[PDB]
Each structure stands twice: as structure tokens, then as C-alpha cells.
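Since every read-out is calculated from the coordinates, none of them should be taken as a lab result. Using ideal geometry, Cβ is built from the backbone for each residue, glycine included, and neighbour counts are taken over all protein chains shown.
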Amino acid sequence: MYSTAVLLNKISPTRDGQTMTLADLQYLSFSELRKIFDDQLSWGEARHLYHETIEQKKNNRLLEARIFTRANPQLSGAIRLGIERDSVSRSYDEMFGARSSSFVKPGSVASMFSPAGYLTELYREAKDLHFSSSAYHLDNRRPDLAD
Amino acid sequence: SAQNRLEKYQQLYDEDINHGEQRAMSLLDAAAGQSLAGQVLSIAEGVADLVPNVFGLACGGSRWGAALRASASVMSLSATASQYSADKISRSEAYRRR
Amino acid sequence: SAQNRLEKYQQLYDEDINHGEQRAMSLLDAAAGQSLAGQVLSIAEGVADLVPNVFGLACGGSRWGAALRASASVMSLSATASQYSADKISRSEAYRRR
Amino acid sequence: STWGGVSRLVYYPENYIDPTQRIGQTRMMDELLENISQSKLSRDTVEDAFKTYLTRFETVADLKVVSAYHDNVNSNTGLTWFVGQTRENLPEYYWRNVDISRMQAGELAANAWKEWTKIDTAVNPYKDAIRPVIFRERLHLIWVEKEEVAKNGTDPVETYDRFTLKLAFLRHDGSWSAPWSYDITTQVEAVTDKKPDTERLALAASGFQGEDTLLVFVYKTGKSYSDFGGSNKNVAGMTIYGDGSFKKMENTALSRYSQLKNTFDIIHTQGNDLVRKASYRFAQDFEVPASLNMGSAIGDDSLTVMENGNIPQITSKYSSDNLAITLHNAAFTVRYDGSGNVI
Amino acid sequence: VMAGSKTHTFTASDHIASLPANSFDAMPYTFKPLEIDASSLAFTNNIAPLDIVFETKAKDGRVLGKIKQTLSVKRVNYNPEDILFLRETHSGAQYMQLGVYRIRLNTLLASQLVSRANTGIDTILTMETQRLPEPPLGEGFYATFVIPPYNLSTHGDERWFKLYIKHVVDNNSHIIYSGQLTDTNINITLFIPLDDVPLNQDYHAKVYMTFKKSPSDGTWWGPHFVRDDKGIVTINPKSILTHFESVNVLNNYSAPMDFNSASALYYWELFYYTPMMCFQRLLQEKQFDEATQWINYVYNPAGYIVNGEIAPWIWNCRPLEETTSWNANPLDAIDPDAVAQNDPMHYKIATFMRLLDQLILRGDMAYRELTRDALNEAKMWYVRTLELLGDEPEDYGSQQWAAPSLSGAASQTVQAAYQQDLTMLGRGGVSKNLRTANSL
Amino acid sequence: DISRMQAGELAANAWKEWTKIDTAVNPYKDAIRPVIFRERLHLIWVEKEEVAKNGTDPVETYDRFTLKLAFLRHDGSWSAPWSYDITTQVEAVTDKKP
Amino acid sequence: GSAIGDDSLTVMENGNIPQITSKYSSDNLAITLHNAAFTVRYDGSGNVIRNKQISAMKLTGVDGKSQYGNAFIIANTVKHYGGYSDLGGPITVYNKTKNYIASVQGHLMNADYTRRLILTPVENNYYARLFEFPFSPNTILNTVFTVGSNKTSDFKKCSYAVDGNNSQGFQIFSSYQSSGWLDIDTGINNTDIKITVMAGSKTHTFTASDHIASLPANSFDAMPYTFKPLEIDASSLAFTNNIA
Amino acid sequence: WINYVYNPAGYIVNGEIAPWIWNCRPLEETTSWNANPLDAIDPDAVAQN
């Protein structure tokens, strides 16, 4: 019942002279979104923005998974007869170079399911659990973790 | 003696399920099917009994509660069929473990 | 030989309950539920059959003892459901002991 | 391990696809599953099980939708509930629902629908006067039945048709409760002019949420309808409350719901084709929720807290071209308390 | 309370029912009925919001608590063109109509299954059966449009286009198609509805196309279909077709069965899930030949014999062959089946893995006999499986990875840039900064 | 399968074993026959009942004739039968002397 | 039913006559066929042809889209011959009506290396090449090159399509042997799409030039043809055992 | 299932952490609903007091 463009215009500019985009709010919880834009967004607007962000994130994940699946070298392959190259696959390959063909074996640190990815997710989500002033902040008790 | 024991057990394992057990399981399956086969007939009897059956100058005779009795009957039949199927599956699993 | 025996028994213990036993227990539970589900229909049939069903110049036709028969039916259904649930629980306990 | 498995599920679902079980499996598929669950199997056994499954599929897929109801005041949102009837000569009925709000650019995703579910409560409707409704925010089935009864104490014994309105509701565990019964013979005879065989009697039901009641209308199918009440003898009304009691509507009350005539079945002007229109939830001019639960909030520095914020009554009034909203008993409590700390 | 452009503030100084006791414990405040003049609400899609906020602060300026909410006010709309209704054609097809859109409700496959069931069940599970036509959805016709490839000069920057209909039921316009312009021609087949008595005598229906450079309607700027006394929809000669490449009408075409309709679940169960379940059950009991026979209804590397010749298709399951998606929200819950339903390629991979499992089990069973002939049979099974699989690949990107710092890998800017690029790719297609400059 | 006839002798394998019908048929005399429309087997018969007209001071009876049609389903079961009233046609063609 | 065209290039599908009616008036039997329809689609039923050549002919040219109804030169049997690795292989097709060369490939080794299509009759001597086309973007596949002159003989005598040929030696990334040569025309005439019916001694031919309900869109994709009702005078059927 | 009664991490309501500690209201407010718990040996009665 709202329009995402209008709400984004209300939030914009994003401190950088740019229009706010759904990607920039990936990123933060609903409570944070309501707190930061408390002066400009009501309850329904914040709820709609949160739902739209979640939907966009899910769609991006699905698109990436599909692109990776259709480009697996393992299926080359008597099943390759039932594989078709789409326009989206060509666009992704053109934009990101040879990333889509850069598969790695399991057990390597570069894999997205390797413990490196788990550690990155943990650090990304847990970095802001305490204020920078508090002595319990992760970057204060163990400064070396960032390096 | 050990060789004799090995031959006996190998023969038993190779034989696996003989014919009598197959017949018993098929009978249980057929019983489940036959028990399930009566629900449509029960519903038909219930719907048919609602029509009045006396005429003249004293009419009536309809059985008001036919449909509810038919529904109860079909649900009981479903319960019986489920019980039979459970028995058959349990017997099969016991044979596999043996 | 001892290592082979250990591997076999470890695999059997890890597998625990296969799918057929789960299906049998679920079927017994469903049978108990279906058996229990008929009490409301039996009561409704009993209360409906009491209304007179003949008219004209010779009225009546009510079945006087409908309610008591309905009560007997619902109690029999409860007994059957209890039996089914007891069977299911006994089978589960036997599997645990095994 | 758990995070790895959950993350991998999206990219490689084939590692977790089990042919013998799946969320949303239909009942007949399970019936086939136990039909082929014995230890040893033959080609004939599997073929017979597949034939039984085919019988079930043929029974289910031959359904035809007979009634529908939309749970809203407009077509933009809400859920639509359908009741359908089998092809065979049996009183077997099924129901389902769809989410029409998922429509975009004409086509609906297949997951917005719901599988057919059987109704087993001994329904014997007269012709096709059976329909779903949502009153007290749970599903209800409402239908009519016809019996042949003679008046007692008359020397020439004459018979007539008695029409009974039956209403039932769906319980929590999927069972159906015993149905309430009412006598509507006079209304049917009035609106049909004692020719029920030649005229198509039609039934409509709506749920007035504002007053928490159910409105039932019985009418004669036609090309168009005038305003209710007064001289219009083609429509009769009925009101059902929460406890099951009823009340026959009068002309003054009948004229209040004249706007619902747009959701009635009609005979198409171009070609005598019957068209059925799904009923709608009723409202006067605008719909507003009856109550609003504010919730609770935490004050600054975790010192105070507001609780029990609630607006139990919200009313609306549309006079001329002005809409006014009245809030009754807007209340909330303030208490000095911290939500867990040394403070 | 905020209602559209009006803001009303009610303070407890004059609207309080009873001021509570002045104590550190719970103090409940209750208000007399409050009146709001909501005559300035902006109704979009027959629904408008209404905002309510409870505010309380002490003399120090501290906020004792703030509660926000949004109320929904719905406009009652019983207009004849906004009330969905059900109709049934003479062919037996039931369709539910809302405004201009129509949806099929029932199915007619059960009647036609008898011919296949009279012979063996092998006749039922065939691509020919799954390609059966369906009766038309009410009164209307079919049309084919060719959309030209994207060019910057005429289409303009963003590659998005829409197709709207007009002069059906009402005289407004409703969107009937939306899509993205690409570098090749696009073939679109659509079902144009048609009412019994047209509103405009000259043109019975109008279809037009909009993009960035031309986001308007215009006059005679699109195909204007007119129906004669006996079928035969024709295009009005005085209709500009510059935007389209070619627009044709199909006067007798009958669409095949749809695997994305209301009855999609039953079709998928009959044609895909059931043979797979039967094959799995047969395989679990070491009945290999019957399992192969049952799985051959879905996939068979040797092809399928139809009328005595090899069929041109590869997969016997039509939804798998055409990759028809029938799920729009697969990530609402943890469910591999839902994800596979969204993209049915995973079903292809699952079937392939099941076939490989059966072959390897056959090979192991033959190997365990130790007879020379059994050894040869096991060798044949293993060789066949290896030939089916192909040659396994090696690691490629392991040595191309530059190890980043933990702070760098978790940087929000990198994730935001990647998500922005993915969104632009999926929703648009603009290729600004074509090379990604892999050093970033 | 009569197409297998060769110079007058039919091979014994061209026939099919008798199969029972269990759907509660009560035909009048010998007016029961099979048929095939919609390309599946159907059984069609007639039944006779004795019914009196209501609301007549001298209560007179007559014979009501009902035509019933049923069809065979996939798994070998028989569906519920459609019913029609053909009393007028029977009385017309027989001149009320059945 | 369905059928496969010559050289596994095209395929007819969905052939169906849904309505057939009969009328016996006096001593004349007439048969009417309603909505005789079938679809024709360019597709190969499993080979290198469908994977590469058909997709090559579906690409858009530089003179503006289309590429349908043109004359093409293709190879009978093409097989991987050698190189550093076996990629999808540069599969090339010649368009005579516009003098175009369309090349397709499966994958690429690495984006940093310069890549260009090279056609030589010897596959070993770089200086013996007859065709050289640089990829305008390096990381792109399935492009056209617009020779610009009638060089059909040169293309015919040039086997060994090479997808490498850098300037630091040769560096043959991939190479494919073409073997035979075929010439095809994808254009069609409305008088060659016919239905012929034999009834006893009578033969009736109905062409799409006059019995077509609506001519479909001229495209490489599926093209459905539908026919108006067809009348057959079957008064000369030879009835043996009451069936003809 | 046990999180419906006690959860050390708190309970999310409307997108924010709820102020209460125990999700069971009688436990949170310590409501006593038994006046004679020592009439017989019964741990449940004592706990109810």
C-alpha cells in the first residue's frame, strides 16, 4: 500500500549525495532501522522497508545460486545435453569476469562454506554488539582480530 | 561341525522369506482393501434411506439419522483398514530383522 | 572376525528404527484417532432419531431408545481407541528394549 | 556443522531430496506408500497399487467448484475460499483456499493455492445451495436441506416441503462440529412464490465483523435485483449471533444491506448462462479494526516502562462526505522499572 | 494521530478520564473518547494508513517511553467490475474472472486418462499425454508478439518494457505483461480476452507497449483487434506497429496443459513424484530390473521409442524438459523440496544421481559373487557408470585467491557493492563499469 | 475377442474368465445389460417398486420403474449408480400390462 | 505425432487433427478435417549440431537482427583435434547472403590472454592463415565478424578453426576439424508446406498458400501452422471387410 | 518448547526485546493459588502455594 521509491526519496540523501538504495539497508535489524529513521518514517513505513529488504536479499541469493548451479563444471557430463545458456548467465559472466567458473574443491579456505566464511559471518554480525565506548567491545579486548 | 553350521545358516539366509509368509502378507493386504471397499456402499445406503417409505393417507417413514450413522460406519471401516495395514507392515519388518 | 561382528552390531545400533516401523506406529495412531472421531456423529444420530417421522392421521414413529444406544456406541468406540493406543505404546517400548 | 548444512541447502538441495517423503505430500500418495511398504514386491503388486492411486486421482481431479467466498471488503487483499463437489452421484464435498493478493500481471504462482480437503459431516444439501463463510474468524459451512412433511390433524392429508438451514464450523484438529438448525420454510415459500421447482433458489452468506454477526440471504435467481426490503418480495434475510441464536430481519433492517446485491448470482443478459459471484464480508462504508494492541516500550536509560497500551474500541462514521473515527478507552500504564541491570 | 495531512494532538490536561495515583508503582492513564476528522486520507488500492503515537516525557525531557503504530482503513468496493465471479464454458472448463484477468479452476485430464489406462500404464506416462491441449478459457483469442532487441537510441537506457490491454470490460488500461529487453528477439504468446458485446464498435480490443522513451498510450499506436461474426480476429489496418517487430493472431491454436496452474500439484505428483517413489521403493528391495523400468518413465539415456522411432526430446517429464517453475517463495522456510520446485534443474540432478546409485549398486552386487562372469558384469557396470559421469575436473580458483584481512572480508561496503550489482543485474541490466577490476 | 475367429473355430485363449459384480443390483426380471460409453464398461438395468399416490381417499397403488446406471472404476470397484424415472415410458410402450 | 528433419536440423511437433467429421449425402461420402495444425522448430535431437551450429545461426547480425531466411555453410562432422585444452571449441558458420562468420564456444581458459578467431588450412603455420578476427571484448562468446566480401571458397577450403593464436608463438588454445561441408537455406515457400491425402484412387493436395488460417511469425523458434477445414471427396474408397 | 516459559536471552515482541523476564505471567507476578498445601504429602501442592 506504500511505494518504495517514495520512502527511499524520504530517506535520501545517504550522507554521500546519493539516493538511498535497498542494498545499503541489507544490513541492520528492524529495531535499528526504526531507531535511525525515527524522525522520518512511521511504523508501517519501517515495516514495509524491512519486508522489501528481506525480499530483495532472498531474490539475490536465489539468483546467485541458480547462476552457480548452471555453470558447474562437474556436469560436463552426459547431462549437459539438458543445459541451456540464459541471457542472465551471459550478463553475469560479462560483468564479473571468470568468477562464475572459479570453482574450488571442498576443504580449501576459499570455499564459501569453509570455516573462513563462518568466521567472517561471526565477525560481521558480532562486531557491533557493544558500543565503542564500552570496554567489552570486541575490537577493544582483542584488537588483533581485525588483522 | 563348524562347516555344517555354516552350510545350514547360509541356506537359511539364502532362502529368506518362503511362500507361506508371502501368502499371509498378501492376505492381510487383501483384507485391508476389502474393508476399505465398503465406504461408498455405506454412504449410498445412508443417502437412500432418507426417502420416505410409507404412502396412502398416513405418510412419512423417513429415517432422519441415516447419514450420520453412515459416516460413523465409514470412519470405523477406515480405522479397521489402518489397523490391518499396520499389522502387515510390522510383520514384514520383523521378517527383515530376522 | 571380531571386527566384522563389531561393525555389524554398530551399524544396527546406529540405524535404530527404520521407516517401516515408523509407518506402522503412525498408522496405529491414525486408527485410534479415526475410531475416537465418531462419538459426536453417534450422539447427533441419537438425538436426531428421536423426532417423530410419520404424519397424517396416524402420527408417531419416534425411536424411544436412540440416546442410550448412542451412548453405548460412543463408549465402545472409546474402548477401541484405548486398545489401539495401548498397542502402539507396547510396540514402541519393545523397539526400545531391542 | 548446522550452519554449514543450512547454508548448503540452498545451493545443493539434491543432497537432501528424499523420494519417499516431502513437505506437502498428498494423502493418496501416502496411501500408495503404505500400499507398497511390504518387504518383497512384484510388478503386479506395484501395478495394482498404481491403479488404486489412479482411482483416487480420478476421483479428486473431477471436482467442480460450486461456491466461493472472499474474506475481505474488497478484492485487493484477503483469502478466497472455494467449496467444490464431485462428479459421482454421492454427497461428497471438498474445500480449498487461494491467496488472490499474490496475483501480479495476470498469472498466479502455483504455491498460492491449497490442496483439496474433504468434508465428512453428513451434508445433504438441496441442489447446490451450500457455501462456505468465515464468521467468528473460523471456517463455517452453511447449506439448506429439504424434507417432505404432512400437516397433522387434517382429514385430507396434504404434504409440503420443509426447508431447514444448517450451519457447522471447523474445529481445531480438523473435525467438524454438530450443526445448528433453523426453519426457513416461510422465507423460501415467500421469495419463490411456492414454485421451488421452476425457480432456482439461491443462498448467500456474509460475515459482519463490526457487530460480530452472520447475515444470511435467500433469494430467487434473476437478471438483476432492486433495493432490499419494502416492496421487493424476492429477497429474505436472517441474522445469526455468536451463541447460535437467530433473528428474522424486518424491512428497516433489510434496507440497511441493500449494497450487498452486487454480490448475488445472476443470469447473464447475453446468453442465458448462470454466473456465480463470491460473497464478501460486509461493512457500512469503511472497515477499521475493532481494537489495537499498542504493546510495550522501554524508556530512556532503562528506567521506566509503558505497558498494557490498548485501544479496545474503534468506531467509524461516514456522514455525507466526511469520515470520522472515534477511539474509546485509550489506556496505558507507566511504571518505574528497569529491564534487567544494576539500575 | 496523523491522518493524511492532518495532525491531531490530544493531551491529558483536558482529555483524561481520571488521573491516577501519584506513586512510583504502576500508574494507569485512561482517556475519554477521541474524535479524529479523517477526511484527508490518501486511498491507494482502496486502503490508507493512519498513524497513532503515544508520547510521554517528564520535566527533565527524558522520554519515559514511545510507542508507534499504523492503523489500516479499508474502503468498501462492490463495483460490478471489481467482484470476481465464476463461469463455466460449454466445453466444461471453469474459470474465475476478476476485472480483466481470468484463472482456470478445474481440470479435464481424468476423462482423457481412460484411453491410456485401457492399454498398459506405459501409455499414461508419456510426453504425448502431458502435451494434451485444453479448452480455451472463456471467450477470446490468442496472439503472438515479437519484441525487437534492445537498442539505446530508441528504447533508452533502462531495458524494461510492459504490455497493456485496453477497451475490454472497462475503458481503462491494465498491465498484462512485463519483462526485460535483451539483445535478441523475444517471442511472446498471450491469451487476449474478449467480452460478449464490445464497447467500441470499431476496435474490440487494443494492446500497446511501453518503455522508457515512450511511457504513454497514444492514438492508434498498437494492434487493434476486431472480431468478425464468425471468429477470425483481424488487425485494424490503421494501426501503427513501429514499436513491435511483428504481431500475429492464431485463430485456432489451443494451448497445451499448464504445469503452473491451480492443479499443478496433482500433475507433478502423477507424472514425476509417483514413478520416482515407486523406483526408490523397488530399489530398496533389490529389484533392479523393475526399478529401471519404473525410472525410465522420467529419464532414459537411450531415448524413448514413439511410434517406432526415437523421440526428439531428452527428458520424458514435460515440466523438467521445459523447466517450468511453479513456486515463487522457496526460502520462506527450510525446505529442499521448495527450492527444487522453484528451479526444477535440481530435480534433473537428483534423478541423475539416483540412476548412478542404482548402477553402482548393481556393480557391487555383481562383484560380490567372485565368479569370472560376475567380475566381467561388474566391470561392465562400472565402465558404463564412468562413461555416463564423464571426466572429473580439478581445482581452478584455489590459487587465484588473495587472502584478505578479517576486517576487509567482513567490510559492509564490499557486501553492499556486491548486492547492488546483483540487484541491478536481476532487475535492470545496465552494464556500467563493465569490467569489475578484480583487484577490488 | 471375436476378431480371432478363423474358419469357425475360436482359440480358447480369446475368452476371459468370469468376474463377479458386487454393487447391489436388483434388476426386474432380466432387464440388465452391459454397455460401453465414455470407453469404459457400464452396467445398466431397471428396477420395480410398489408405490401409492399420496392424498387420495381410495388408496390405489402402482408400479414405479427406475432405470439405474453404474460404471466400473480403475481398481475394479463399482461406483454409485445414477437413477432416473421411466415409469411413463414403460407404461406407454407396454399399455399398462407389464 | 512428430518427426525429425534432414541432418538432425529441424523437427515437426504437435501434429494433430482434433476434429474429423463425415457426411454421407445420396451416394457421396465427404470427410472434413478441422484445425489441422503442426509446429516446425529448428532444433537438433542431440549432437554437436544443436549445441553449437543452431545457436550460432540464432545470433543477431550487425546489419540488424534477423539472420532468418539466409543461406548458411556448415560442417558435416566436426571433432576436437588438439590444443592446450579442449574448450567448447570455436564452431564457425558462414552466412552467404550477408558474408558473416558466426563463432561459438563453450568456455575460456583465462581472461588476461588475448583471444582471436583464426582460420588456417594447415593448423600449424600461423603465416598460412586465411582468416583472422579479434574479439572486440576479450571475455565474450558467440559473436559475429562480418568478413565483408564473398570468400565462400576460402571458408570452404579452410578447416581447423583455432581459438588461440597469440603473438608470443602460436599458443593454440583449441582447434576443431571440420571434415565435410554442407550448404543450407533456411528460407521457406508457402507452396512447399502441403498436406496430401490419398483416398482410394483420388489424391488431394492442399498447400498453405490458400488453405492457411494464419501464417505464423517468421522466426527461428517454434512456428505453428494451422489450416482451415479441409474437404475430401472419399467416394472411391475400396471397402474390404467393411473397412477402408 | 521450553522457550515459551523461560529464555535467558529474552523474548522478541514486535521486533524489540520484551521487558519481562519470565514468559509465564503467574510465575512473573508470583500468583499463589492454593491455601492448604500441607493437608497431604504433595510436592505439587507446595509448589502451587
## Note on the structure
The set of residues whose placed amide H lies less than 5 Å from the amide H of E:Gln69, leaving out same-chain residues fewer than 5 positions away, is A:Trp43, E:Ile52
### Task
Taking amide H positions as placed in the peptide plane 1.01 Å from N, state which residues far from E:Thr56 in sequence (5 or more) or on other chains have amide H under 5 Å from it.
E:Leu64, E:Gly65
### Task
Please report how far the C-alpha centroid of segment D:1-80 lies from that of segment F:27-98, rounded to the nearest whole angstrom.
41 Å
### Cα gyration tensor, segment D:1-159 - rounded (a/c under 1.5), prolate or oblate
oblate
### Message
Could you tell me the center-to-center distance, by alpha carbons, between segment G:162-228 and segment B:28-43 in angstrom?
### Response
59 Å
#### Entry: Between segment E:288-359 and segment E:248-273, the Cα center-to-center distance that results, in Å
17 Å
### Query
For segment E:54-175, what's the radius of gyration and Dmax over Cα atoms, in angstrom?
26.9, 89
### Task
Under 17 Å from a label point 7 Å along Cα→Cβ of G:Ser201: give me every residue in segment G:1-36 with its amide N that close.
G:28-29
### Summary
chain H: relative contact order from alpha carbon pairs under 8 Å, six or more residues apart, as a whole percent, is 26 percent
### Karplus-derived 3J(HN,Hα), 6.51/-1.76/1.60, for each residue of segment G:4-11, Hz, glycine and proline x
10, x, 5, 6, 6, 9, 10, 7
### Angstrom value of the Kirkwood radius, inverse mean 1/r, which spans all Cα pairs in segment G:97-170
13.1 Å
### Query
Mind checking the dipole of segment E:169-283: about its Cα centre, +1 per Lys or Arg Cβ, -1 per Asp or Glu Cβ, Debye to the nearest 20?
280 debye
### Minimum Cβ-to-axis distance in chain C for the rotation onto chain B, with residue, whole Å
C:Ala58, 4
#### Entry: In segment E:37-135, trypsin sites (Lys or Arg not before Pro) in a DSSP loop with at most 15 other beta-carbon atoms within 10 Å
E:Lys59, E:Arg62, E:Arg131
### Task
Can you figure out the FRET efficiency of B:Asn53 with D:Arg171, using R₀ = 35 Å and their beta-carbon distance, to the nearest 0.05?
0.50
#### Entry: Entries of D:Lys317/E:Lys74; G:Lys194/G:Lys228; D:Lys166/D:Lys248; D:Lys194/D:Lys233; A:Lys35/A:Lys58; E:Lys6/E:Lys66 with Cα pairs more than 18 Å apart
A:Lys35/A:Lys58; E:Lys6/E:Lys66
### Task
Report the far tail of the P(r) of the protein assembly as shown, meaning the percent of Cα-Cα pairs longer than 53 Å.
44 percent
#### Entry: Virtual paramagnetic centre 7 Å along Cα→Cβ of D:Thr45, amide N under 19 Å, in segment E:284-311
E:284-295
### Task
Kindly identify segment G:108-244 as rounded, prolate or oblate by the Cα gyration tensor criterion: order the square roots of the eigenvalues as a ≥ b ≥ c, call it rounded if a/c is under 1.5, otherwise compare a/b with b/c, prolate if a/b is larger, else oblate.
prolate
### Task
Work from the charge dipole of chain E (Cβ charges, +1 for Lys and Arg, -1 for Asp and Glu, about the Cα centre) and give the residue of E:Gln69, E:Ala26, E:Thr126 farthest towards its positive end.
E:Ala26
### Query
Counting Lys and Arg as +1 and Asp and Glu as -1, each charge on the Cβ, what is the dipole of segment E:6-64 about the Cα centre in debye, to the nearest 20?
100 debye
## Note on the structure
Excluding residues fewer than 8 positions from E:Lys379 in its own chain, the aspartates and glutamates with Cα under 16 Å of it are E:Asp357, E:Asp364, E:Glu369, E:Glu387
## Note on the structure
Under a Gaussian network model of chain E whose springs join Cα atoms within less than 10 Å, the largest fluctuation of E:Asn46, E:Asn185, E:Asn151 belongs to E:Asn46
### Query
Counting each DSSP H run of 4 or more residues in chain D as -39500 (n - 2.57), what helix-only mean residue ellipticity at 222 nm follows after dividing by all residues, to the nearest 500 deg cm²/dmol?
-4500 deg cm²/dmol
### Exposure proxy order (Cβ contacts within 10 Å, fewest to most) of E:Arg227, D:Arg335
E:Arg227, D:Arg335
### Query
So how do C:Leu28, E:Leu434, E:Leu265 line up by other beta-carbon neighbours within 10 Å, fewest first?
E:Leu434, E:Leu265, C:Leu28
### Message
I want to make sure I understand the PRE zone here: with the label point 7 angstrom from the Cα of F:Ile32 toward its beta carbon, which residues in segment F:59-98 have backbone N atoms less than 13 Å away?
### Response
F:68-70
### Query
Any idea what % of Cα-Cα pairs in chain A are farther than 19 Å?
70 percent
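Counting helices only, and only those DSSP H runs with n ≥ 4, report the 222 nm mean residue ellipticity of chain E as the sum of -39,500 (n - 2.57) divided by its residues, in deg cm²/dmol to the nearest 500.
My calculation for chain E gives -7000 deg cm²/dmol from helical runs alone.
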#### Entry: Principal-axis tilt of helix E:109-118 within chain E, Cα atoms, nearest 10 degrees
10 degrees
#### Entry: trypsin sites (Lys or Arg not before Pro) within segment E:261-354, DSSP loop, no more than 15 other Cβ atoms inside 10 Å
E:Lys286
### Query
Of the residues D:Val191, D:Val305, D:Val65, which exhibits the maximal mean-square fluctuation in a Gaussian network model of chain D defined by a 10 Å Cα contact cut-off?
D:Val305
### Task
Counting helices only, and only those DSSP H runs with n ≥ 4, report the 222 nm mean residue ellipticity of chain G as the sum of -39,500 (n - 2.57) divided by its residues, in deg cm²/dmol to the nearest 500.
-1000 deg cm²/dmol
### Summary
Charge dipole of segment A:1-125 built from unit charges on the beta carbon (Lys, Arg +1; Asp, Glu -1), centred at mean Cα; most positive-end Cα among A:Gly17, A:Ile83, A:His48 is A:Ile83
#### Entry: D:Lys127/E:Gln420 FRET efficiency (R0 51 Å; Cβ-Cβ; nearest 0.05)
0.25
## Note on the structure
In the protein assembly as shown, taking the dipole from +1 charges on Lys and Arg beta carbons and -1 charges on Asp and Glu beta carbons about the Cα centre, the listed residue (A:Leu63, B:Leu12, E:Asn236) farthest towards the positive end is E:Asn236
#### Entry: D:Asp197/G:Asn16 FRET efficiency (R0 41 Å; Cβ-Cβ; nearest 0.05)
0.40
### Message
Please list 3J(HN,Hα) in residue order for segment F:63-70, calculated via the Karplus relation 6.51 cos²θ - 1.76 cosθ + 1.60 where θ = phi - 60°; whole Hz, with x for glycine and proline.
### Response
9, 9, 10, 10, 9, 10, 9, 9
### Task
Just check segment D:268-343 against the gyration tensor rule for me: Cα atoms, a ≥ b ≥ c as the square roots of the eigenvalues, rounded for a/c under 1.5, and otherwise prolate or oblate depending on whether a/b exceeds b/c.
prolate
### Task
Note down the nm distance, to one decimal, between modelled labels 7 Å out along Cα→Cβ at G:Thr114 and at E:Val430.
3.4 nm
### Query
How would you rank E:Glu55, D:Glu287, going from fewest to most other Cβ atoms within 10 Å of each one's own Cβ?
E:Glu55, D:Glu287
### Message
Springs between alpha-carbon pairs under 10 angstrom, Gaussian network model over chain C: which of C:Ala44, C:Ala31, C:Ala70 fluctuates most?
### Response
C:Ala44
### Summary
Across 5 Å bins beginning at 0, the whole-percent shares of Cα-Cα pair distances in segment A:1-88 come to 2, 12, 19, 18, 11, 8, 7, 8, 7, 6, 2, 0
### Query
Placing +1 at every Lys and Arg Cβ and -1 at every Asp and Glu Cβ, with all other atoms neutral, what dipole size does chain E have around its Cα centre, in debye to the nearest 20?
1180 debye
### Message
Show me the three semi-axes of the equivalent ellipsoid for segment D:145-249, from the C-alpha gyration tensor (sqrt of 5 times each eigenvalue), largest first, rounded to whole Å.
### Response
26, 21, 13
